[PDB]
Amino acid sequence: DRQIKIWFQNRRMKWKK
C-alpha cells in the first residue's frame, strides 16, 4: 500500500503538500 503515495508523489516530490 506504498504505491498510494508515489501514485501522485512520483511527480509531486516538491508539491507533496
# chains A, B, ... in the order shown; residues from 1 in each chain; ligands from 1

call {"tool": "residues_around", "arguments": {"residues": "residue 17 in chain A", "least_positions_apart": "5", "cutoff": "12 Å", "atoms": "only C-alpha atoms", "output": "short mmCIF file (atom, residue, chain, number, x, y, z; two decimals) with N, CA and C atoms, in the first residue's frame"}}
result
data_model
loop_
_atom_site.label_atom_id
_atom_site.label_comp_id
_atom_site.auth_asym_id
_atom_site.auth_seq_id
_atom_site.Cartn_x
_atom_site.Cartn_y
_atom_site.Cartn_z
N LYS A 5 1.11 6.57 -2.41
CA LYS A 5 1.77 7.87 -2.36
C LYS A 5 2.43 8.20 -3.69
N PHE A 8 0.90 9.81 -6.92
CA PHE A 8 0.84 11.24 -7.23
C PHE A 8 2.08 11.96 -6.71
N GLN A 9 2.87 11.26 -5.90
CA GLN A 9 4.08 11.84 -5.34
C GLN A 9 5.26 11.67 -6.29
N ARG A 12 5.20 14.78 -7.67
CA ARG A 12 4.98 15.85 -6.71
C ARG A 12 6.02 15.81 -5.60
#

call {"tool": "select_by_dssp", "arguments": {"residues": "chain A", "states": "alpha helix (DSSP H)", "output": "mmCIF file with C-alpha atoms, in the first residue's frame"}}
result
data_model
loop_
_atom_site.group_PDB
_atom_site.id
_atom_site.type_symbol
_atom_site.label_atom_id
_atom_site.label_comp_id
_atom_site.auth_asym_id
_atom_site.auth_seq_id
_atom_site.Cartn_x
_atom_site.Cartn_y
_atom_site.Cartn_z
ATOM 1 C CA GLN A 3 2.159 2.999 -4.208
ATOM 2 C CA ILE A 4 -0.731 5.037 -2.811
ATOM 3 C CA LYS A 5 1.771 7.867 -2.357
ATOM 4 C CA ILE A 6 4.120 7.594 -5.335
ATOM 5 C CA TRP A 7 0.935 7.438 -7.409
ATOM 6 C CA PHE A 8 0.841 11.237 -7.227
ATOM 7 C CA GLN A 9 4.084 11.841 -5.335
#
